[PDB]
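*Asks:*
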Amino acid sequence: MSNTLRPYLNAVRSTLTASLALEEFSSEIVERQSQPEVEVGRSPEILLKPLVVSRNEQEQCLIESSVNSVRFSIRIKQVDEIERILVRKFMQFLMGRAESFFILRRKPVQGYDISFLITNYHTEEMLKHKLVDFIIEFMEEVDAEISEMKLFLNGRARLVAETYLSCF
Amino acid sequence: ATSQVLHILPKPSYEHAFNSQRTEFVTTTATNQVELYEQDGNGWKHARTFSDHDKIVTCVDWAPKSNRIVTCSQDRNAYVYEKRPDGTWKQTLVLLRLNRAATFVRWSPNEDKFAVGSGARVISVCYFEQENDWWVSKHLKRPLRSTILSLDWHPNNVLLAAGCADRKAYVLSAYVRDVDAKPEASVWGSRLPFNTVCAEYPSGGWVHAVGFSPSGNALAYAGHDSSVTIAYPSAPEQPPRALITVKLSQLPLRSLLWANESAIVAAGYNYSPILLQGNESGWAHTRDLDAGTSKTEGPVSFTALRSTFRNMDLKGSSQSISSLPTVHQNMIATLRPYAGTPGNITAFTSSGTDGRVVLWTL
Amino acid sequence: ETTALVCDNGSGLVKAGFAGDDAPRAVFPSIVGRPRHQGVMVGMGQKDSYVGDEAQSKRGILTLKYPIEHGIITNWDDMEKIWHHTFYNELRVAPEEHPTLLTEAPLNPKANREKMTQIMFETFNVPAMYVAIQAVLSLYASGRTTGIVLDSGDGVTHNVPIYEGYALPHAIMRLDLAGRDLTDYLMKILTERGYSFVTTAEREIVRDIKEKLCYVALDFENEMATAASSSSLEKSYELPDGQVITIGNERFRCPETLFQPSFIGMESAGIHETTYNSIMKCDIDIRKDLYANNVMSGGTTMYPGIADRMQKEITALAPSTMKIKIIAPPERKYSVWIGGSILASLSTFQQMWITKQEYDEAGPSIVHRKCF
Amino acid sequence: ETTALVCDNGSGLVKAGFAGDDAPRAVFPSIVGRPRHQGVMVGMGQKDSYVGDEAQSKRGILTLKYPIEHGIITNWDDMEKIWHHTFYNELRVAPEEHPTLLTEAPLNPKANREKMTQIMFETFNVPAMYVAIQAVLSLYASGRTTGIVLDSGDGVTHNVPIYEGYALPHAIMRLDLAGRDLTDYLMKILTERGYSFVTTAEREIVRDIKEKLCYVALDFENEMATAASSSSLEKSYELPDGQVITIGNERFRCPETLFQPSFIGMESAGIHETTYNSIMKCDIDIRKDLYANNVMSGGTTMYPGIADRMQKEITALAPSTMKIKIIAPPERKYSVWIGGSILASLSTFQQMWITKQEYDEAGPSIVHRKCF
Amino acid sequence: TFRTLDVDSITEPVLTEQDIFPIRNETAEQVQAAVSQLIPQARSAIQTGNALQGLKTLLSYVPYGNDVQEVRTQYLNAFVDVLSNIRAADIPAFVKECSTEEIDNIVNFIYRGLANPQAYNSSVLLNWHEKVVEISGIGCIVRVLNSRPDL
Amino acid sequence: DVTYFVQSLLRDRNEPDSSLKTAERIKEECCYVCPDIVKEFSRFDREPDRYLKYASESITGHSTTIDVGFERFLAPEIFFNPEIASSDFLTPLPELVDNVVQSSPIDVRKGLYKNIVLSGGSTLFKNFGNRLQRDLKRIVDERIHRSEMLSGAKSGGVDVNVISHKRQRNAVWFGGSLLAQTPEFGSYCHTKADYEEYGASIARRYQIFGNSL
Ligand SMILES: Nc1ncnc2c1ncn2[C@@H]1O[C@H](COP(=O)(O)OP(=O)(O)O)[C@@H](O)[C@H]1O
Ligand SMILES: Nc1ncnc2c1ncn2[C@@H]1O[C@H](COP(=O)(O)OP(=O)(O)O)[C@@H](O)[C@H]1O
Ligand SMILES: [Mg+2]
Ligand SMILES: [Mg+2]
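One line per chain: the protein sequences are A, B, C, D, E and F, in this order. At position 105 of the first sequence the residue is numbered 105 (full-length UniProt numbering), and the sequence of numbers has no breaks. Residues 2 to 297, 312 to 377 in full-length UniProt numbering are what the second sequence spells out, letter by letter. In full-length UniProt numbering, each number is its position in the third sequence, counted from 1, plus 5. In full-length UniProt numbering, each number is its position in the fourth sequence, counted from 1, plus 5. In full-length UniProt numbering, each number is its position in the fifth sequence, counted from 1, plus 1. In full-length UniProt numbering, each number is its position in the sixth sequence, counted from 1, plus 214.
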């Protein structure tokens with residue numbers, strides 16, 4: 001969790017809080033319309049350069065910013081394939097309820113497992129000095145959950161094995 | 002310094018404007034409505050709304066001399082408002098002939114004409130023809146390349162500083178016959194036909210704002226790289242004498258206002274305004290006017320207790336929510352003068368996404 | 006956000022109001038009184054029954070009778086009439102538009118709660134309702150999490166010790182002595198003074214007397230001894246008729262029955278001792294927290310000077326090491342309703358309702374399935 | 006690699022930290038507790054299971070179960086939960102980036118070692134791990150190289166004589182009487198004076214009583230005779246309930262169970278006779294040195310005056326021609342940890358790990374043929 | 002059918018990156034030679050235990066461009082090695098004794114080094130990033146967000 | 215919804231038992247469709263043998279007969295009069311079917327009217343099909359005659375044949391079983407390789423109702 005992820009976590013925090021200087025901006029190709037500019041990528045003069053934060057080859061933090069919208073996709077550790085399946089299913093459930101989260105994408109960008117997307121409106125109404133707090137909190141708690149759920153798998157396997165075998 | 006919170010708007014306000022007598026002020030909100038407020042003793046109260054537009058209202062500016070209000074919105078149309086003798090206001094559409102959403106509007110210091118920024122590659126300048134009672138727009142499309150993010154007039158009433166979103170600062174002559182007389186020779190130039198490239202200067206990001214000095218012989222612009230550059234022109238087709246650039250360690254700046262002939266106040270995503278003291282030799286950040294790192312046996316009311324249980328239930332903390340130190344809670348919109356003779360300003364107002372309209376008393 | 010009716014059908018009053026209100030906006034006695042005279046007079050549309058404040062005002066010729074007896078409903082038709090009055094003539098809201106939140110005393114008969122939910126669903130066609138417990142809502146209103154809540158209303162007195170979150174169901178002590186029994190004892194002891202009160206109207210009158218001319222003495226034997234020099238104890242009360250009453254030791258003798266239930270002939274410990282017994286019934290660790298968190302509740306506990314006597318008695322009973330703190334909020338009269346309103350406007354609560362479809366498919370046992 | 010993890014997963018207490026440090030970063034009771042009530046409250050963050058210090062603090066409404074019994078893990082689910090707690094909640098370091106060091110009592114079933122190694126390698130994916138015996142760790146901590154080690158803890162008491170750099174596995178004596186049995190005996194013999202302790206919270210309270218009051222006498226008969234004139238031997242303790250209890254001859258009686266195991270009805274030699282037999286089972290030429298080096302280690306050996314009495318008994322048993330010396334450092338409570346850290350911070354120890362690449366190519370049986 | 006086959010990409014040529022940032026006046030051979038001259042000085046300074054001076058010398062000139070990929074990779078490798086060969090305790094003095102533009106180059110290149118962790122050591126880059134953000138401020142990261150793509 | 219209506223009707227009459235299963239069985243052996251409500255009420259008032267008493271035997275109430283009443287014809291009428299159930303819908307079923315057929319392309323209206331297939335377990339009410347056919351036939355005759363007097367010429371008209379068959383209760387299952395036996399059915403299924411290649415959104419493009427994009 002922490003006491004363990006200081007430099008990576010603080011680098012992500014600083015980069016995210018620096019990249020969240022959004023602004024209301026309409027569409028330069030369609031009139032009377034405004035769209036998240038990071039997702040469309042049609043006007044390159046307002047798209048800041050993509051930025052990547054990493055701690056190890058299996059952990060990355062792609063930070064793509066724009067004038068109004070910021071997309072922030074991360075990779076979390078999957079040491080063994082058990083954690084691979086657990087991470088995939090858990091993060092699918094996480095993104096399946098993006099309606100009540102307001103900063104999630106229903107489908108992550110390829111080569112990743114989750115992609116946040118903070119449009120202007122979220123910074124407009126929701127005070128954003130704890131969106132990053134939620135970000136880092138999730139980035140550590142997710143590994144916590146994966147470990148706990150694999151423990152629960154082992155426990156249930158033990159219980160069912162005992163229940164089956166005792167009734168000879 | 003000292004600041005007083007005038008009002009707490011329920012919704013974000015990207016703009017504000019006070020009348021000449023500083024009696025009532027107009028402000029914009031997130032939706033197509035435009036809000037009016039008037040004093041109620043020691044506070045302010047709602048006055049009326051304008052629903053003439055259709056899409057999000059972008060900018061609003063108040064003419065102090067003639068007491069008129071113009072409004073340019075995302076719906077690619079501009080409305081001009083003048084109060085009737087009884088007290089109500091009369092709407093008036095202006096055909097901007099734009100192809101994309103407008104972004105920023107300003108009245109000339111003589112209030113005869115107003116220029117409109119736009120994302121349709123162009124800038125529209127409109128005046129009034131008394132012979133036809135019409136507003137006609139002219140497009141400035143020769144040197145422009147990207148979206149207009151800011152506008153700034155000149156005391157000579159002819160030069161117009163345009164802050165474009167192509168990492169280049171633009172100055173153009175908006176002089177038009179039948180409205181303005183011939184202007185005097187200027188350090189910026191003398192021969193000033195309509196739509197001439199007065200000057201072009203670079204930057205390290207989108208030019209959020211531009212501003213001429215009160216003396217009218219300088220330009221100050223801020224990119225998105227949290228750098229404010231002060232330009233000192235020398236002669237037409239002649240590089241400036243000195244291009245002073247001050248680089249800060251905070252979030253990018255948004256709008257620039259000239260405190261006096263040698264002072265600039267500017268605020269941005271840092272939730273605070275700054276001050277620049279200097280001269281032709283150089284400039285430097287002087288002071289954080291927002292107090293900096295201020296970090297600012313009894314019965315419990317029913318509402319507080321209910322809030323504690325709601326936080327406990329929806330949460331796992333039930334603790335104070337933000338307690339943010341800065342007076343503002345989100346990005347600031349703009350800085351405009353409040354009182355004082357030109358070159359002598361001690362009070363200036365500001366608005367932000369939090370809706371706070373915080374007056375600043377130097 | 007999702008306003009819900011909060012009806013606390015207490016044994017003496019029916020406090021009602023919407024969820025989230027600071028105080029209930031509908032308080033009136035739970036009385037249904039029919040006329041008891043021939044009424045040769047014709048006209049004026051004389052009704053056949055009066056409920057609430059109208060009954061209290063016309064009590065001169067009305068046979069008032071409470072529809073609830075020690076927390077247990079005994080006059081289901083009268084209680085349906087009272088509920089109809091509360092929904093329509095006092096709150097002026099359709100029952101089928103907002104959910105309701107009811108309360109009932111612990112250890113109550115199960116048929117009471119079953120019939121309560123059955124009536125409120127079949128008859129008033131309410132969307133959903135919940136049956137909470139008075140002590141839990143009092144804990145809500147006190148803004149705490151632990152402590153043993155002493156609740157003493159008009160009907161029954163009960164203690165439900167609650168640690169952090171968890172409530173011990175084996176340490177709930179319920180004592181039937183309550184405000185109605187105190188009023189009856191006051192009626193009995195006013196006879197020895199000379200004044201006679203018999204009928205129901207005189208019962209309401211003596212309840213009004215006890216409302217403002219009674220208190221709990223900090224010490225009992227010394228107070229009775231000093232009542233011999235009757236100087237600062239007695240003070241007159243103006244009876245409705247006009248003749249003046251003058252009560253001396255009766256002022257503090259009738260509330261003493263709470264601490265000495267043997268006065269009305271009950272082989273039960275007083276409230277001060279049953280609180281200690283309920284505390285001792287719990288685990289050895291949570292007792293220290295329960296000692297310092299004593300949440301007084303109920304309308305009976307509004308006697309001026311009850312908290313001091315209770316604290317003194319509990320301090321005497323308990324070991325002398327740790328401190329005994331008693332909590333007597335100035336608004337503890339409506340504490341149950343305050344807690345109910347606080348609980349109703351909680352996001353997690355909407356999943357704890359009893360939806361109309363669920364009741365229709367489950368029968369009347371869904372209240373036992375879900376509420377408790 | 007900068008530092009290596011190390012965890013002393015003892016039966017009663019668990020010690021964890023980094024190699025080379027001189028202070029346990031994390032010590033919490035090896036307790037996993039589950040709630041045993043309903044929770045009529047709303048919210049409160051209902052947590053399914055509390056482990057460690059949280060369980061010790063909230064034992065009022067929880068039932069506690071020790072995963073390790075007599076040095077053998079019996080609840081692998083709780084053991085995994087405790088290891089997860091150590092890794093994430095208190096030390097909060099990623100297991101996959103730190104080699105770890107574990108400790109297991111001698112003569113335990115091979116199933117314990119194999120399962121622990123497999124769990125650490127697969128469920129936590131540690132880079133490398135090692136398993137070491139308590140006696141070797143005690144010798145490493147004390148700085149010695151020769152001397153029989155008495156390691157008395159919460160779960161099991163064992164003796165492992167070790168000559169200069171060599172251990173005699175055939176002279177290892179293991180006794181299943183330990184702190185948990187002493188606590189149970191104290192609970193049993195506190196009943197004769199009236200006080201009764203039943204629930205697990207009472208068991209922890211009795212453990213605290215043994216912590217603060219129990220001590221070992223010098224002569225049992227003389228101490229009992231002195232206690233007969235019960236004047237200046239009794240003490241007092243304060244339960245969290247606030248009640249004061251008095252302790253008497255059972256203050257020192259229950260520590261004597263170590264020297265007289267017949268008190269708890271088990272036929273075995275005391276902790277001095279077992280040491281004498283363990284030394285006599287060794288070669289004759291090394292007894293003259295093992296006598297001079299008696300090492301006391303573990304939490305149980307913290308009783309006042311235990312060392313003096315043990316020295317007296319060993320001197321009585323052994324011939325008088327050769328002196329007997331017993332040593333017990335004041336920090337012997339964490340001697341096992343100190344030795345583990347010293348071993349883990351050794352350059353010559355770097356090639357004695359068991360890497361994952363080594364483990365997956367040989368199966369979980371590799372620990373038997375490498376660790377010991 | 003006719004819904005696909007977009008035509009907006011050709012009728013109006015959108016602004017391309019060279020229209021935003023100034024073009025590189027230097028030639029490819031010139032910058033390649035300059036970097037090939039600067040790198041061995043940095044390696045020698047690392048060898049003689051003067052890594053601070055080596056990093057300062059290597060920081061004086063910084064290459065960029067879309068046609069200098071290989072030489073930029075060699076420069077980045079040398080920079081990463083030089084920075085990783087610096088004692089941690091001396092970082093604050095180095096950071097405080099720099100100009101804003103030099104610190105901007107440092108943070109830009111360490112952040113690009115963070116982008117390829119399969120060949121680099123991420124720990125030292127993260128530690129340097131933490132210290133520079135702590136000392137200089139957030140404006141360095143702002144400049145990173147508003148720097149040229151080829152940098 | 216009509217089961218809830220039947221339960222409410224049992225509720226208002228204060229029957230000894232009002233369990234939902236009792237309402238279901240009351241439909242199972244009691245309810246039938248009627249031509250019109252006022253005439254049926256008059257017939258029920260006049261005719262006294264239409265007053266049945268269903269034996270409940272809920273759990274322990276032996277011989278607690280439930281006296282059924284007007285529900286027997288008031289319940290099925292919700293289909294041909296949906297105002298009773300709620301205000302969320304107000305168009306009677308025959309009128310809604312008429313709108314569905316009229317919105318269809320002109321050439322297939324004859325085929326739509328000629329063959330009408332009932333399905334589901336809630337269409338097993340007696341005289342349901344007869345009443346539906348009568349109402350639809352009346353409405354189509356009204357429209358055709360209106361056109362005729364507007365123009366002044368006769369026509370052959372269109373017939374309506376509401377069809378009920380021996381597998382009304384589980385027509386969906388029977389059709390699925392008959393369809394699955396076709397060899398071409400296997401090719402139409404979503405193979406597991408397709409799912410693992412194209413992701414979990416392989417079946418999201420809704421196909422039967424409406425055109426995608
Ligand atoms: N200020 C007071 N002094 C003395 N007795 C009071 C006072 N207020 C209320 N009571 C008594 O409390 C009773 C009302 O209790 P109540 O709060 O209605 O309990 P419940 O709601 O459970 O019926 C009345 O019978 C009255 O005698
Ligand atoms: N000062 C003390 N006096 C008496 N008993 C103690 C003292 N300290 C610890 N103990 C007992 O020793 C036990 C500690 O066990 P521990 O040595 O941690 O086991 P392990 O060696 O398996 O980790 C506790 O259960 C406690 O009962
Ligand atoms: Mg009550
Ligand atoms: Mg041990």
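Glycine included, C-beta positions come from ideal geometry on N, C-alpha and C.
Could you check the C-alpha separation between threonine 326 of chain C and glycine 247 of chain D for me, to the nearest Å?
*Replies:* Taking the third sequence and counting its residues from 1, one reaches residue 326 of chain C at position 321. Taking the fourth sequence and counting its residues from 1, one reaches residue 247 of chain D at position 242. Each residue's alpha carbon lies about 6 Å from the other.
*Asks:* Quickly, what does DSSP pair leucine 180 of chain C with across the bridge? List them, please.
*Replies:* The residue labelled residue 180 of chain C in the question sits at position 175 within the third sequence. Beta-bridge pairing links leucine 180 of chain C to C:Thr162.
*Asks:* Which term fits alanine 161 of chain A, buried or exposed, when burial requires 16 or more other beta carbons within 10 angstroms of its beta carbon?
*Replies:* Position 161 of the first sequence holds residue 161 of chain A. Classification of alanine 161 of chain A: exposed, given that the 10 Å Cβ count is below 16.
*Asks:* Ligand 2 and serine 340 of chain D: does the residue's C-beta get closer than 7 Å to at least one heavy atom of that ligand?
*Replies:* Here residue 340 of chain D refers to the residue found at position 335 when the fourth sequence is read from its first residue. Outside the cutoff, so no.
*Asks:* Let's test the definition: count the other Cβ atoms within 10 Å of the Cβ of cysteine 167 of chain A and tell me whether it reaches 16, buried, or not, exposed.
*Replies:* Here the question's residue 167 of chain A lines up with position 167 in the first sequence. Answer is exposed; the Cβ neighbour count stays below 16.
*Asks:* Would a C-beta distance cut-off of 8 Å place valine 71 of chain B and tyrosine 128 of chain B closer than the cut-off?
*Replies:* Counting from one through the second sequence, the residue named residue 71 of chain B turns up at place 70. Counting from one through the second sequence, the residue named residue 128 of chain B turns up at place 127. Cβ distance not < 8 Å, so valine 71 of chain B and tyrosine 128 of chain B don't count as in contact.
*Asks:* Does ligand 6 have even one heavy atom less than 7 Å from the beta-carbon of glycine 15 of chain D?
*Replies:* As presented, the structure is devoid of ligand 6, carrying ligand 1, ligand 2, ligand 3 and ligand 4 as its sole ligands.
*Asks:* Mind checking the segment 173-193 of chain C against chain D and listing, in chain order, the residues whose C-beta falls within less than 9 Å of any C-beta there?
*Replies:* Those residues of the segment 173-193 of chain C that come within reach of chain D (Cβ to Cβ, closer than 9 Å) are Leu173, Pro174.
*Asks:* For a test of the three-state rule: what should DSSP assign to residue 173 of chain A, helix, strand or coil?
*Replies:* This structure leaves residue 173 of chain A out entirely; chain A is present only between 1 and 168.
*Asks:* Does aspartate 328 of chain B get closer than 8 Å to chain D when you measure Cβ to Cβ?
*Replies:* Here residue 328 of chain B is taken as the residue at index 313 of the second sequence, counted from 1. For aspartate 328 of chain B, the answer is yes, since a Cβ of chain D falls inside 8 Å of its Cβ.
*Asks:* For ligand 3, any of its heavy atoms closer than 7 Å to the Cβ of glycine 313 of chain B?
*Replies:* Reading the second sequence from its first residue, position 298 is the one you call residue 313 of chain B. Not under cutoff, so the answer is no.
*Asks:* What separation, rounded to the nearest whole angstrom, lies between the Cα atoms of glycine 424 of chain F and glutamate 398 of chain F?
*Replies:* Within the sixth sequence, residue 424 of chain F is the residue found at index 210, counting from 1. Within the sixth sequence, residue 398 of chain F is the residue found at index 184, counting from 1. If I take the Cα positions, the gap works out to 25 Å.
*Asks:* Please give me, in chain order, every unbroken run of the alpha helix (DSSP H) with length at least 4 that falls completely inside the segment 72-146 of chain E.
*Replies:* Entirely contained in the segment 72-146 of chain E, the alpha helix (DSSP H) runs reaching 4 residues are, in chain order, 92-97, 101-115, 123-136, 140-146.
*Asks:* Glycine 17 of chain D touches chain B at which residues, Cβ-Cβ below 9 Å?
*Replies:* Working through the fourth sequence from its first residue, we reach residue 17 of chain D at position 12. Going along chain B, no residue has its Cβ under 9 Å from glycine 17 of chain D, so there is no contact; the nearest lies around 31 Å.
*Asks:* May I have the straight-line CA-CA distance separating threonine 163 of chain A from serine 272 of chain F, to the nearest angstrom?
*Replies:* Here residue 163 of chain A is taken as the residue at index 163 of the first sequence, counted from 1. Here residue 272 of chain F is taken as the residue at index 58 of the sixth sequence, counted from 1. About 39 Å.
*Asks:* Of all the CB atoms in chain B, is at least one closer than 8 Å to the CB of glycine 22 of chain C?
*Replies:* By one-based count along the third sequence, residue 22 of chain C stands at place 17. Not closer than 8 Å to any Cβ of chain B, the Cβ of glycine 22 of chain C fails to qualify, so no.
*Asks:* For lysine 293 of chain C, which residues in chain D fall below 8 Å Cβ to Cβ?
*Replies:* Position 288 of the third sequence, counted from the start, is the residue given in the question as residue 293 of chain C. Chain D residues near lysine 293 of chain C: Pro245, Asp246, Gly247.
*Asks:* Taking the beta carbon of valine 53 of chain A as the centre, do at least 16 other beta carbons fall within 10 Å, making it buried, or is it exposed?
*Replies:* Mapped onto the first sequence, residue 53 of chain A falls at position 53. Under this definition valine 53 of chain A is a buried residue.
*Asks:* CB-CB under 7 Å to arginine 84 of chain A, same chain, minus the five flanking residues each way: which ones, in chain order?
*Replies:* The sequence position of residue 84 of chain A within the first sequence is 84, counting from 1. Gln78, listed in sequence order.
*Asks:* How close, in whole Å, do the beta carbons of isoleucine 280 of chain F and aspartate 231 of chain F come, if the pair is a contact with beta carbons under 8 Å?
*Replies:* Residue 280 of chain F sits at position 66 when you count from the first residue of the sixth sequence. Residue 231 of chain F sits at position 17 when you count from the first residue of the sixth sequence. Right, their Cβ atoms sit about 6 Å apart.
*Asks:* Excluding the 5 residues flanking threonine 231 of chain D on each side, which residues of the same chain have their C-beta closer than 7 Å to its C-beta?
*Replies:* Taking the first residue of the fourth sequence as position 1, residue 231 of chain D is located at position 226. Counting only Cβ-Cβ distances below 7 Å, and skipping sequence neighbours, we find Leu238.
*Asks:* Could you tell me if the beta carbon of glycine 158 of chain C falls within a distance shorter than 7 Å of some heavy atom in ligand 3?
*Replies:* Your numbering for residue 158 of chain C matches position 153 in the third sequence. Yes, ligand 3 has a heavy atom inside 7 Å of this Cβ.
*Asks:* Can you tell me whether DSSP reads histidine 277 of chain C as helix, strand or coil?
*Replies:* Position 272 of the third sequence, counted from the start, is the residue given in the question as residue 277 of chain C. Helix at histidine 277 of chain C.
*Asks:* Please report the straight-line C-alpha distance between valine 56 of chain D and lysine 86 of chain C, rounded to a whole angstrom.
*Replies:* Counted from its first residue, the fourth sequence places residue 56 of chain D at position 51. Counted from its first residue, the third sequence places residue 86 of chain C at position 81. Rounded to whole angstroms, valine 56 of chain D to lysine 86 of chain C spans 54 Å at the Cα level.
*Asks:* Taking only beta-carbon atoms, is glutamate 81 of chain A less than 8 Å away from chain D?
*Replies:* By 1-based counting over the first sequence, the position of residue 81 of chain A is 81. It does not: the Cβ of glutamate 81 of chain A has no partner Cβ on chain D nearer than 8 Å.
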